[PDB]
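Below you'll find the structure, written out as structure tokens, and then a few comments.
FYI the Cβ positions are ideal-geometry reconstructions off the backbone, even for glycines, and counts take in every protein chain you see. Taken together, the values in this text are just the output of simple stated rules run on the coordinates, not laboratory data.
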């Protein structure tokens with residue numbers, strides 16, 4: 001009984017709740033794709049110089 | 001929930017043991033035909049049964 005209850009206790013401190021962590025993983029995964037896309041965009045912003053009375 | 005420790009199953013395991021322990025101490029009494037097979041079962045009852053067997 002004490003071993004089951006302290007396995008239950010430690011498991012809650014230390015184990016990944018895979019449902020919670022798959023929210024946090026999936027947020028980051030989409031943000032990275034949005035940040036890559038927004039960096040691909042940001043490299044092309046300086047293109048405007050080339051038409052500028054050049 | 002957590003993948004890394006199935007605690008619903010560790011309870012069911014620990015409770016399966018507490019059931020199969022009782023089941024062997026029952027089965028012992030049926031096969032031998034004696035209720036007190038060992039001194040754990042009744043210390044008064046073993047002691048008295050030996051004085052009465054005597």
**Complete:** The condition of being part of a helix (DSSP H, G or I) and within 30 Å of residue A:10 (Cα to Cα) holds, among B:4, B:15, B:23, only for B:15
**Which listed residue is part of a helix (DSSP H, G or I) and touching a helix residue (DSSP H, G or I) at 6+ places or on another chain (Cβ under 9 Å), from A:26, A:37, A:8** = A:8
**Prompt:** If you scan the stretch B:1-34, which residues turn out to be surrounded by fewer than 12 Cβ atoms within 10 Å (Cβ to Cβ), within 12 Å of the chain's Cα centre (by Cα) and away from chain A (no Cβ under 14 Å)?
**Reply:** B:19, B:20, B:22, B:23, B:24, B:26, B:27
**Message:** For the list (1) outside any helix (DSSP H, G or I); (2) surrounded by 10 or more Cβ atoms within 10 Å (Cβ to Cβ), I need the number of the one condition that residue B:40 fails.
**Reply:** (2)
